[PDB]
């Protein structure tokens, strides 16, 4: 485990042959209201475009997944709600250890990037038409809705 770079949100290391990118764990929040899902968009220099995502972010020091989920929902959309843990996933285990914890938010209330309320059916259609790209969190939100929230 030799380190080649120790950065802000990532570290680049080598385990002999394998190139490993260490990354802080993250959270994502799925929220549905009046048939619309709470998506967010922001310029992502890594991809050169703004994909359709759901409220998400990195877990800060001293914070657990649930707390980070609450914070991200508030900071990105100005909302708070009753959160329930759903599941987790490694974004790309072939090279990074980033693990994302997904939560469901209910009974939303306004307590205070681009907020994009959109019916998941429309988000899926737009994507199929090539009009918009998805982040893993955005796609997971869309699929989760079609599977359990209809």
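Positions refer to the first chain, counted from 1.
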Residue 82 to residue 83: deposited residues not modelled, binned count -> none
Of 25 to 33 and 113 to 121, the stretch with the higher mean C-alpha B-factor in the deposited entry is 113 to 121
With B-factors read from the PDB entry, the higher C-alpha mean of 62 to 70 and 39 to 47 is in 39 to 47
From the entry's CA B-factor values, the highest among 91, 108, 52, 56 is 108
Entry-reported C-alpha B-factor of residue 4 relative to its chain, by third, is highest
